[PDB]
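# Reading the structure
Each chain, letter by letter, is given below.
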Amino acid sequence: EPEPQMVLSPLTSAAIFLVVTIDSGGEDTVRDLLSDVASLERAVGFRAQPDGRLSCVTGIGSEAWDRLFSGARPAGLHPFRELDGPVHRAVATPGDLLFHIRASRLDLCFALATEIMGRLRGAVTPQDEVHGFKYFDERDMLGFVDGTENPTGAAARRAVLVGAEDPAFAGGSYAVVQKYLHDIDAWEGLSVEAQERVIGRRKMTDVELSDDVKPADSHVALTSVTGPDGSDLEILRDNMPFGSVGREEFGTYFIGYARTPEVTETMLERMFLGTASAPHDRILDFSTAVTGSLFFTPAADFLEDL
Amino acid sequence: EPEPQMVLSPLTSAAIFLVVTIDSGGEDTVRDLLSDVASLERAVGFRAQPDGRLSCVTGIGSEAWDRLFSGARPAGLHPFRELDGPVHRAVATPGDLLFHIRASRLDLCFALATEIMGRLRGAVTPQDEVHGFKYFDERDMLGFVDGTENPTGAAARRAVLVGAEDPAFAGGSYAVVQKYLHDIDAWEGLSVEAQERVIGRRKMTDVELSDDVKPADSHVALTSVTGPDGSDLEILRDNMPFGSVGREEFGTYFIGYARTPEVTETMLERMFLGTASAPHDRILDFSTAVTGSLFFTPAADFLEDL
Amino acid sequence: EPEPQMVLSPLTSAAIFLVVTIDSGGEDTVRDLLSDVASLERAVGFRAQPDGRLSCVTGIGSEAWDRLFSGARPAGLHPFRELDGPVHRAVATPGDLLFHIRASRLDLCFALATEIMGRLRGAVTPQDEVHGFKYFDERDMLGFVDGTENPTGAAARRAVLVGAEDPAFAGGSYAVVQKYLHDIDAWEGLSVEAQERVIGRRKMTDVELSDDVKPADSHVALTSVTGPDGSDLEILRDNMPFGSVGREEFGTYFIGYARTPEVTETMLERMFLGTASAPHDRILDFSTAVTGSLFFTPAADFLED
Amino acid sequence: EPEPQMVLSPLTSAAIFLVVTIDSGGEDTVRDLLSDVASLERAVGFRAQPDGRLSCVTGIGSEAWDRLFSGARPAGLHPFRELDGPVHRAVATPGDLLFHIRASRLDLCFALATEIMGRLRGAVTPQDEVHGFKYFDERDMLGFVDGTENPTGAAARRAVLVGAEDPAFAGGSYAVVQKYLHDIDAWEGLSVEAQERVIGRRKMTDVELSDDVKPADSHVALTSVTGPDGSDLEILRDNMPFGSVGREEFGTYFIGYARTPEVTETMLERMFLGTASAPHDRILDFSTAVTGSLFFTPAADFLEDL
Amino acid sequence: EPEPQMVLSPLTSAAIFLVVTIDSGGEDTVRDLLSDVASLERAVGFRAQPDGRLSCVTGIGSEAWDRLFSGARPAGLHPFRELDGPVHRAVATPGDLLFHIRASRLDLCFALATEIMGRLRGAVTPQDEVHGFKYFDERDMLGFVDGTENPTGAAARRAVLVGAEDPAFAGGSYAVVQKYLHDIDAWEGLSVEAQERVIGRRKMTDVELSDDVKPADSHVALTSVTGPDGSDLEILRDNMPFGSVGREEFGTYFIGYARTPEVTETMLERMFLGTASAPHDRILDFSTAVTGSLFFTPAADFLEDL
Amino acid sequence: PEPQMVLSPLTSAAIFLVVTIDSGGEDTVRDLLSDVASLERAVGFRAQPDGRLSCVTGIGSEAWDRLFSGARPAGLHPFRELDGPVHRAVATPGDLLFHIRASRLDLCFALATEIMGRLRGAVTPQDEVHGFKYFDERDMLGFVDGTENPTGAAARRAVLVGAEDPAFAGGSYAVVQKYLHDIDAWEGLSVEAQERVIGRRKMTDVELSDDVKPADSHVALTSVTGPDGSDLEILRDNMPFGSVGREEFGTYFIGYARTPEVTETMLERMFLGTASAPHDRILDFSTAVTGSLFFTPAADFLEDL
Ligand code: HEM
Ligand code: HEM
Ligand code: HEM
Ligand code: HEM
Ligand SMILES: [Mg+2]
Ligand SMILES: [Mg+2]
Ligand SMILES: [O]
Ligand SMILES: [O]
Ligand SMILES: [O]
Ligand SMILES: [O]
Ligand SMILES: [O]
Ligand SMILES: [O]
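X-ray crystallography is the method the PDB entry states for this structure, with the resolution given as 1.80 Å.

### Digging into the overall build of chain F
For chain F, the helix and strand inventory stands at nine helices and 14 strands. Seen through its C-alpha atoms, chain F measures out along the principal axes to roughly 55 × 45 × 35 Å.

### Quick look at the layout of surface pockets
Its volume calculated, the second largest pocket comes out at about 870 Å³. Every residue lining the second largest pocket is counted, 30 residues in all, and those nearest its centre are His131 and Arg247 of chain A together with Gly243, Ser244 and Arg247 of chain B. For the lining of the second largest pocket, the secondary-structure elements that each account for two or more residues are β6 (124–133), β7 (173–182) and β11 (240–244) of chain A together with β6 (124–133), β7 (173–182) and β11 (240–244) of chain B. Counting residues per element, the lining of the second largest pocket draws most heavily on β6 of chain A, which supplies six residues. Counted by class, the lining of the second largest pocket contains 13 nonpolar, eight polar and nine charged residues.

### Here's the deal with the site of ligand 1
Residues and elements named next belong to chain A. In the neighbourhood of ligand 1, 23 residues make up the surrounding shell, with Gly147, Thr148, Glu149, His219 and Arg237 lying closest. Within the contact set of ligand 1, an oxygen atom lies 3.3 Å away from a backbone nitrogen or oxygen of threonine 148. Measuring from an oxygen atom of ligand 1, one finds a side-chain N or O atom of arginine 237 at 2.9 Å. A class-by-class count of the residues in the shell around ligand 1 yields eight nonpolar, 10 polar and five charged.

### Regarding the UniProt feature "binding site: heme b 1" (unreviewed entry) in chain F
Mapped onto the present numbering, the UniProt feature "binding site: heme b 1" (unreviewed entry) falls on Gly146, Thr147, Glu148, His218, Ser223, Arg236 and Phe253 of chain F. Apart from residues lying up to four places away in sequence, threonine 147 of chain F is in contact with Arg42, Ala43 and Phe46 of chain A together with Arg200 and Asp205 of chain F. Here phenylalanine 253 of chain F shows up in strand β12 (residues 248–257). Not counting residues within four places of it along the chain, the set of residues in contact with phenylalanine 253 of chain F comprises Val175, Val176, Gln177, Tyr179, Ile234, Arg236 and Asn238 of chain F.

### As for the interface of chain D and chain C
Contact residues are listed per partner, giving 29 residues for chain D and 29 residues for chain C. The largest per-residue losses of area from chain D upon contact with chain C belong to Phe110, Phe136 and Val245 of chain D, which jointly make up 28% of the total buried on that side. The interface formed by chain D and chain C includes two salt bridges. Residues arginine 121 of chain D and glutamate 248 of chain C are paired through a salt bridge, measuring 3.5 Å at the closest nitrogen-oxygen approach. Per-element tally for the side of chain D that touches chain C: the top contributor is helix α3 (residues 106–120) of chain D, with seven residues. A per-class count over the side of chain D that touches chain C returns 14 nonpolar, six polar and nine charged.

### Section: the UniProt feature "binding site: Mg(2+) 2" (unreviewed entry) in chain C
Residue and element names in this part refer to chain C. UniProt feature "binding site: Mg(2+) 2" (unreviewed entry): in the numbering of this structure it lies at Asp183, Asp185 and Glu248. Over a stretch of 66 residues, the named residues converge on one spot in the fold, their C-alpha atoms separated by at most 10.3 Å. Along the chain, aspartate 183 falls in the loop between β7 (173–182) and α5 (184–188). Structurally, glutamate 248 is set in the loop between β11 (240–244) and β12 (249–258). Since its relative accessible area comes to 48%, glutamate 248 is described here as partly exposed.

### Remarks on the pairing of β7 of chain C
Residues and elements named next belong to chain C. For β7, a buried count of nine out of 10 residues is recorded, marking the element as mostly surrounded by other parts of the structure. As defined by bridge partners, β7 adjoins strand β14 (residues 293–297) across five bridges and the pair is classed as antiparallel. Bridge pairing links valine 176 to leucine 294 in β14. As defined by bridge partners, β7 adjoins β12 across eight bridges and the pair is classed as antiparallel. Bridging from a neighbouring strand, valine 176 pairs with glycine 256 of β12. Bridging between β7 and strand β13 (residues 287–289) involves three bridges; their strand directions are antiparallel. Within β13, the residue paired with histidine 182 across the bridge is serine 287.

Reading guide: rules and limits
Residues numbered from 1 in each chain as written, not as in the entry; some residues may be left out. Chains lettered and ligands numbered in written order. Heavy atoms only, no water. Residues with missing side-chain atoms left out of burial classes, pairs and counts. Helix = DSSP H or I, 4+ residues; strand = E, 2+ residues; numbered from the N terminus. 1 Å grid on protein atoms, 1.4 Å probe; cavity = no way out; pocket = protein on both sides within 12 Å on 5 of 7 lines; lining within 4 Å. Points joined across faces, edges and corners; volume = space filled by probe spheres on them. Nonpolar A, V, L, I, M, F, W, Y, C, P; charged D, E, K, R; others polar. Near = heavy atom within 4 Å. Polar contact = N/O pair within 3.5 Å; in protein donor to acceptor, adjacent residues only side chain to side chain. UniProt positions renumbered as here; feature names shortened; annotations may be inferred. Contact = heavy atoms within 4.5 Å. Buried area = accessible area lost by both parts, 1.4 Å probe. Salt bridge = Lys/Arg side-chain N within 4 Å of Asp/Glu carboxyl O. Buried < 20%, exposed > 50% of the residue type's maximum accessible area, 1.4 Å probe, protein only. Pairing = 2+ DSSP bridges.

As structure tokens, then:
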């Protein structure tokens, strides 16, 4: 391998997602920060070892890549593609840099975010900042366990990391982010059994519904994709609840990593545009995407050498 | 004894502070929720025992008290008093109800806040919502250990709980809240030694500066007050950092509990108005108060039985 | 003065319940063991501190009391009273001694149970032995959080420990046990909403149903009792799941402590015999009691002599 | 690689061992369950991460293999061989399927066992169910540390997983189970020094007795086997105490995994039939085997693909 | 009314014992430090709450008391009494102040010791400094569990804290310290059963030997004392192992607290001078006392008010 | 070849034991070396997985020649004394090193007891230090210590002998120095002055920028690049130790590297200085009182003796 960033993190219960745009003239300041971001991760995190589990994954957008870097582009990097479905829309929103910061406690996330943004002041403009927290039994804001079918170990490495198909960028990955807000009032008007039909798994025990009962427009049915090879196409998700009680914002911050964006984009087309047997993913009847961006997260060595 | 609310909580690393006003017509909804708030605390918290340490302290303001209840008022209950000092101002901002929610994890705080506000929908208007997190060494946003000299055990009970001086309301307490925003750029331009002179304690080791070196306008000097008998008057604090890196908000949410507000108000007068030997508390040269409210937090029995 | 047994235990995730009868001639062996049981608790448990949280509460039944001791009896001690309801029955089964052993791990429970039974070999006959395990989010075998409305702190002391009303036995408590087996197939055929109507609380979030929607024959409705002065009568429970997948046994081991058995017995009458507005507790349509016994758990000093 | 099942588990303190036979006509129900058992493991276990450490290893017996599958058999799969020694006997008892379920808590084991047996109701007959619990300092029912000389890391992989010698079944393993009941009264009548001579290690400190003093009929002496090439032959064990105090049952559930059964079978021959210098393993004078079965535990991918 | 020092500490796994003498002219420096030692405990310890469990118990010797204070002496305060037995001797060694520092980690103990000695250098001379550590499952250097029969809860308060018999000093306690070195070679030449006869309990399981078998010169037999009224006389011990492998020092640091020194001194007389049935405590055939001192540990408010 | 546990997880306790081999002690030593891994498992297994007990064993240059014949590791020599204009790095005797680490001191002490028990009468102790982690990975100067250590594959590549010395692949070279600090002098500096000595910020552990980091700061002098532009790295696991009564406050330095050339270059820069720096400022507050070099062989080398 070249050394990947910490895309495959242990379970962490806190996150900060920071998305910024690079102002005109900001490119040199950004390049300096990229070359120091691993040492800032160690400076904030080392003293909290081994419990802290602080990591920062840094992603670069398609248009930003062109402004920052001389030569070859990762093969799969392009701007997030808007999906204009008959009912639901996946919007594309601006984002040049993503900082996906995770730890076992929010203070470490905040301290590293503070240091990063300290160095970028005056060169970037914030577009989104989300402080995420996991519910205690890995549940999301709809009350379902979230993460169960993620790949593990070698299967995860194979699904997420660029390899010999794009060898200059081996050890990188592609991240898609979407901020979702939920209509909790509508969702809580459904019976548990109806909610289970939307997701495709049992609510309390997290057991998958059998094939003879699982609806075609359930979330699990539409995000299960088989390749030309007969095998399952997989992504790695680390979705985080977030919100504000006073503003009635109850949200899921979606982030999905894959070795090529084609996998993630196929899942999204199935959700928003539907299939022969399904108009769209029923989860979107209770979830509105308000952001959407695509980033390439290079190997750690790529960033160190700038 | 009457049973107090959990004013004396173990150390907790997450908090939500929620301040609301009661809309016209909302009184009955509020009264029903007050009588169930302890059972909601158990419902959300029990399943995460014993680690969760979830508690909710509920407080009621002076004007709200008159709307909700007839009969006796707590003796010390009045609206927060604005302090218009020569340089610094402590503002008074609206607030009828305070929910001070603490736990070892933010998700438990959020779940209980969701249930409370779900019951109050349409009866209240949010005025402030802060999600606080402790730094890993009990440090605040200025980098100093925060909480060291709080009383514990019997001394804490005696300092915070109403007793025989107002026997109908024994087991209650008075809470003062202020949200502070910091000028971190200015603060970080001071040397550590200069910062220690502002606070009155050593930064790294948290040892109090000796009397011959501690300035009269240091925070510790001005918030040390002795009563008629030569003994120290004490409060119980549970200050929490909060912020947003994109908006450059770095904050301390102050909350102080005492058996009478006179103690807390004396400290505030010294800080903001100054004394013969100190113009004002030097901490205020790096900290701006943007809210200020006073609440009475009744004994748990009072809330149950109405 | 008097030091209670560890009736008010922290949360523990494992338990052994051991119920035995005292054979003819076994009384002296039992009395010797009773005077050592606290030192055995420390011998097994001290070295596992502070995580182990091992405790043993020892209880004595009404007929056994008369065999072991003379002089005063605790005022409330009597044999468990069978309830023959129109549909459901609460049976009374034999039991002279109860050992309620709790810890954070089953091995510690087993080690202490081994030492106790080692000393009693030849003097007692086992009637029941159950190895209990709590589910990770304090849920029981029916999938509901179990323990939520137990009293804590001073309210628990006042609800569970004998005081001035029976001063020779102050610091004791009364334990009722029942082993329940559940019909899981029937239970799992209910919707979540229907299950919530049986219990009286929401399944996922454990919030109580409001008074206007909570059925009168729900478990929470029928086990809520007010005394003459309008205040709530409370007990302290530490129900444990148990079972065997091969034998299709899925169970709840009920144990309830109270300062007088009258409180517990009133709750049982409401559950099994009903009220004006409820035929019986709906939980009994999925739960069958196969044991029932009542014990007095004396203050620890009483056993030390 | 093919992905093995979780044969190499971290240390776990609870286990359920389930052995069943497949009834007439049960094969289709069994095959459906085998293809879902990994997803049931994730459903029950994921929400209890990372503490839960729940895993399930599934094994299939010799006769069962031929009912369930056609095509190739694993090279070493055969029925457990009875050893009818001069004094001690290793019995064979029926078993078609083994579920070896491990976790940090018994409730998780029980939850997974419930789901598995729920799917098999009416297709299988239970033969054994044991609920195992480790003592707090990794001791067994005889009071000795149990596990010390198990191989770890690469050496464990090499000792336990089928490789190139049987390439269609690479990543599988062979499990032998025997339920032992102990005569605790006899064992406790020995002095500690006498017990140490039976095992071959010091009781309190777990230091191996030196070669000059360790008896030839000690457990450690007889279960140390060198292969023709001079190297040590190793197995991976995860022995678990179990019992019932009322019934006076105090037991060790032996389970041993190896890349070929010949290793485990050689150890058993030495124990039960003896060597030139040793009549039999002295541990058998305090331990009686009441079950005995042999299973092949295939690679996880083999089961997924049915 | 009066607040004791933290004599009744939870279990802690590290300790520092510091014994010093007060130099001529050092009395004022010592008195200033005594009035600040609680503040220093908070300064070092607060930031590690709630896990740190740092406490310092401060004790004052008989001759030192007369140098530091005038007015009343505690009734039981006198210099440690040498016991010159036929075989074994309990020596009296100098000591004016004791600092018994405990925590869950050594660094906190060391940090507090550093602050205390920083204030006292030039006023005191160190006589003994021991760094103690917990050894396995509450075992001492002889391999036995140590602390099992300590009193707990109310019984501990009644055994350890001065009350109405000496009301000016209520809430204080008396501490006896003796540093013991062990002859490990001799001890390890005994069989386990012989060691159990020295101590009076079983080694592995820590079960007390029955009255039928417990020798009269066992440690447990000689340290069990009943008062005139038939009740047990109890002390609270927190013995700590210490040592150095290269110097062959394997030690037990004995510390025992009691409401009057007569209880502790009776136990010592039984051990060193014997009874009608026992020449001396057999533990002394493997344990040599090289220090011995007695201190009064005043209530915390006594020290605060100087 | 399997290396010893040079790359350990973070551990909060250590014992460092340095001994010399007495005349005639060689065979006793060789027998112990072949059992040291077994002893590590025996003491450690029962505390897994929290214990994290490990022992790295090293052999000095003169000792190697007494114990073994044939080929020697290419870089093995006695520690080289550095006589700088102001500061001196002394060389002190040491034939064997036992670097014992765990999450608790008792495990370290138990293993050290067993090892020294086997060597009684064959070795003489030279140094014994019981180290403890201080707060949030701080050292006795109050700075975080460990931050820039390599991790993962970069660590393996920096510390383990490979194809450059193939007979000894999987080994490493350990340099030890016991340092005592003059804390009174150090505490007379302002925080900003202390930061200029180390080259990082005290509270936040952020490296000073290149425009403000002095040339004689510790971080500046211990940053070394090879001819090909790459960083030359070592693995450190420095441990505080001390005694408050004697006013001894120390750092026990241990540095592992695939060749002693890397470590020795750093030492020369610290003690003898460069074109732009007289010496490492940290040495104005730190005195070395021991210095030894050891080769830590691959685990299989020791097993096969
Ligand atoms: C509102 C946003 C979302 C919510 C609340 C949500 C929630 C969930 C839940 C509860 C599961 C079942 C448990 C699990 O396997 O993790 C799940 C599975 C999944 N979700 Fe989502 N999800 C969201 C958005 C998305 C999006 C946008 C994608 C893809 C672009 C996606 C892809 C998946 C995939 C691949 C799985 C696993 C299906 C399988 O193989 O079983 N999800 N999600
Ligand atoms: C920006 C707002 C504030 C910050 C960052 C802050 C921070 C601190 C810190 C770092 C200490 C020293 C350690 C400790 O004993 O907790 C302290 C002490 C204290 N603070 Fe504040 N504080 C703030 C506002 C206030 C206010 C508004 C009051 C009172 C109305 C107050 C009352 C106290 C008191 C009573 C002490 C204890 C002093 C003593 O007896 O030693 N604080 N504060
Ligand atoms: C009868 C119940 C059993 C008990 C209580 C038991 C217990 C033990 C104990 C205490 C040890 C020493 C520490 C260690 O785990 O390394 C051990 C070692 C071992 N046992 Fe057993 N054992 C049993 C049956 C068996 C069986 C049936 C086999 C093989 C079929 C076996 C194979 C081994 C092996 C290979 C070792 C390691 C030997 C070595 O040191 O290299 N055990 N056992
Ligand atoms: C005298 C006692 C010593 C102390 C207290 C000490 C302390 C420190 C501290 C605080 C750092 C910065 C944080 C870190 O990266 O660890 C550091 C870095 C370092 N020290 Fe030391 N050190 C000492 C001796 C030595 C010696 C003798 C050497 C080498 C032979 C050395 C080599 C290093 C190296 C290589 C770094 C990392 C530099 C970088 O690339 O950033 N240290 N030390
Ligand atoms: Mg002196
Ligand atoms: Mg000095
Ligand atoms: O998802
Ligand atoms: O404060
Ligand atoms: O219950
Ligand atoms: O074994
Ligand atoms: O003791
Ligand atoms: O270092």
